[PDB]
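A short worksheet on the structure shown next.
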Amino acid sequence: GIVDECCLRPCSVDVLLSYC
Amino acid sequence: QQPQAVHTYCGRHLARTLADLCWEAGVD
């Protein structure tokens, strides 16, 4: 669930870049 | 307040995010 991660708290690129 | 970034999204907008990042991380 990446939604409850960016919707709820930060996840700016330096955090999403890690989801891939 | 439009800070540096926080608005974020929820659902879908996220399935498009890792589609643009894995894309900028190296479309290869």
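Order determines the names: the first chain of the structure tokens is A, the second B, and so forth; residues in each chain are numbered 1 upward, and ligands are numbered 1 upward as they are shown.
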
- [ ] Mind listing the helix (DSSP H, G or I) residues of chain A, per DSSP on the backbone, as a list in words?
- [x]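 Listing helix (DSSP H, G or I) positions across chain A yields residues 3, 4, 5 and 6 of chain A.
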
Per residue of chain A within 7 Å of chain B, record the nearest atom pair and its distance in Å to one decimal, counting only C-alpha atoms, with rows in chain order and ascending residue number, as a tab-separated table.
residue	atom	partner	partner_atom	distance
A:2	CA	B:14	CA	6.8
A:3	CA	B:10	CA	4.8
A:6	CA	B:8	CA	5.5
A:7	CA	B:10	CA	5.1
A:10	CA	B:6	CA	6.0
A:17	CA	B:21	CA	6.6
A:20	CA	B:22	CA	6.1
